[PDB]
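>>> need coordinates for the below:
(chains A, B, C and D)
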Amino acid sequence: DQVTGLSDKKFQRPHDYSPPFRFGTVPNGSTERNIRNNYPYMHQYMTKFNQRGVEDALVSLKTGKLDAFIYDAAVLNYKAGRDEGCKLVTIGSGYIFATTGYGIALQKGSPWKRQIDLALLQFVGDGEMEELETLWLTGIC
Amino acid sequence: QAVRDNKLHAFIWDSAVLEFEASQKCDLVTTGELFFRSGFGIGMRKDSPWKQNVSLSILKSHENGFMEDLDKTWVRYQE
Amino acid sequence: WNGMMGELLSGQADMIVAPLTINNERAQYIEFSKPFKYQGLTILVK
Amino acid sequence: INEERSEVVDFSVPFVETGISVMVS
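Numbering: from 1, shown residues only, chains lettered A, B, ... in the order given. For reference, the structure is listed below:
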């Protein structure tokens, strides 16, 4: 394993290591804000490493047009569970990272809020949420 | 203690707690499966102004690395 | 109710800060903030 | 889920444990 995480020395300067690597994200995306809020210098380095499409970066990683790429965990985990060859490798398990959740955006003060949350907790409280993960997630090895 | 004396054979318990315990004592062994993926919350009274800013503070701590420092203090630590 | 829930419902407690198990039965009586923890259950063997 | 999006709307409870990560070959 090469990269420890966001604290890795590679994220200090690509010139610090002999091979000048490259890593970007989706433009106008949510995670781009996290880079700017935490490390504005990282955004300056990511400025020259920008890409256009999610699978375009996936093609670049397979072809070798990109060294590393930063995106969400659940999305990148599924694309790696069905990939042939499995050349691309995930890093960690959400260990040095946000560890947040997925939610439903409601209008402020919606009266549905109490009813919606009761079902969602009950949905994970009876194993029904577990089966849906089996249907749409595939972890080999 | 009872399972340490080899009187018990299985015991349902939390994940991180038993991870830290196996870190402290090498004889403590866990299983492989990971089920009931939920979270721990802050027990509160009924609706009160001590709810909004509390959850906002929890989110602001999760977004940055303070939870990482807490892990380094107690959870990440090993033997 | 008893324990932490009993002491909180009685008014003697204002806020329970403990590794609480988020579940529907207890959420029906009190409120929660967003979870700070992510984990489940396991089996302890020797 | 971040700050600036929590200012304009309200979220329900989350259901899946997802962070961010870096993909390498």
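
>>> in the chain, which spans are helices?
Because you didn't say which chain, this covers chain A. Here chain A has its helices, by DSSP state H, at A:30-38, A:40-47, A:54-63, A:73-81, A:112-124, A:128-136.

>>> could you do chain C instead?
Under DSSP H, chain C gives helices at C:3-9, C:24-27.

>>> let's see the first one as PDB, backbone CA atoms only.
I take that to be helix C:3-9. The C-alpha atoms that make up helix C:3-9 are tabulated as PDB, following Å, rounded to 0.1, in the frame of the first residue of the first chain:
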ATOM      1  CA  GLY C   3     -31.600   3.300  34.300                       C
ATOM      2  CA  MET C   4     -30.500   6.300  32.300                       C
ATOM      3  CA  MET C   5     -33.900   6.600  30.600                       C
ATOM      4  CA  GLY C   6     -35.600   6.400  34.000                       C
ATOM      5  CA  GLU C   7     -33.400   9.100  35.500                       C
ATOM      6  CA  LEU C   8     -33.900  11.300  32.400                       C
ATOM      7  CA  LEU C   9     -37.700  10.900  32.200                       C
END
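
>>> can you name the residue of chain C nearest chain A?
Nearest residue of chain C to chain A, counting by CB to the nearest CB: residue C:24, 5.2 Å away. (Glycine included, C-beta is placed from N, CA and C.)

>>> please report how far that residue lies from chain B.
Per CB to the nearest CB, to the nearest Å, residue C:24 is found 11 Å from chain B.

>>> let me see the contact set for that residue.
Residue C:24 makes contact with A:118, A:121-122, A:125, according to CB atoms under 8 Å, 6 or more residues apart in numbering or on different chains.

>>> show me what contacts residue 9?
Defaulting to chain A. Contacts of residue A:9 by CB under 8 Å, 6+ apart are A:16-17.

>>> correction: the question concerned chain C.
Here residue C:9 is in contact with C:1, C:29 (criterion: CB under 8 Å, 6+ apart).

>>> give me the neighbour count for residue B:67.
Counted with other CB atoms under 10 Å in any protein chain shown, the neighbours of residue B:67 add up to 17.

>>> part of a helix, is it?
Yes - counting by DSSP: H, G, I helix; E, B strand; the rest coil, residue B:67 is found in a helix.

>>> of the helices of chain C, which is nearest residue A:141?
Closest approach to residue A:141 among the helices of chain C (CB to CB): helix C:24-27, 35.2 Å.

>>> distance of the residue of chain D found nearest chain A relative to residue B:26?
Closest contact between chain D and chain A, by CB to the nearest CB, is at residue D:14 (2.3 Å). Per CB to CB, to the nearest Å, residue D:14 is found 36 Å from residue B:26.

>>> the two - which one has more neighbours?
Each of residue D:14 and residue B:26 has its neighbours counted (other CB under 10 Å); residue D:14 has more, 19 against 8.

>>> tell me the residue in chain A that is farthest from the middle.
residue A:111 (32.4 Å; CA atoms, centre = their mean).

>>> quick one: it from residue D:10, how far?
12 Å.

>>> what residues does chain B put near chain D?
Those residues of chain B that sit near chain D, judged by CB under 8 Å from any CB of the partner chain, are B:37, B:56, B:59-60, B:63.

>>> convert the C-alpha atoms of stretch D:4-19 to PDB, please.
Only the C-alpha atoms of stretch D:4-19 are listed here, as PDB (Å, rounded to 0.1, in the frame of the first residue of the first chain):
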ATOM      1  CA  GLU D   4     -23.700  25.500   3.800                       C
ATOM      2  CA  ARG D   5     -26.200  23.000   2.600                       C
ATOM      3  CA  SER D   6     -27.600  22.500   6.200                       C
ATOM      4  CA  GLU D   7     -28.200  26.200   6.300                       C
ATOM      5  CA  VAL D   8     -30.700  26.300   3.500                       C
ATOM      6  CA  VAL D   9     -32.600  23.000   4.100                       C
ATOM      7  CA  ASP D  10     -33.100  20.300   6.700                       C
ATOM      8  CA  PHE D  11     -31.900  16.700   6.500                       C
ATOM      9  CA  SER D  12     -33.600  13.600   7.800                       C
ATOM     10  CA  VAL D  13     -31.600  10.700   9.400                       C
ATOM     11  CA  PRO D  14     -28.900   9.100   7.400                       C
ATOM     12  CA  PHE D  15     -28.900   5.500   6.500                       C
ATOM     13  CA  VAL D  16     -25.600   4.500   4.800                       C
ATOM     14  CA  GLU D  17     -22.100   5.000   6.200                       C
ATOM     15  CA  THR D  18     -20.100   6.800   3.400                       C
ATOM     16  CA  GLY D  19     -17.000   8.900   3.600                       C
END
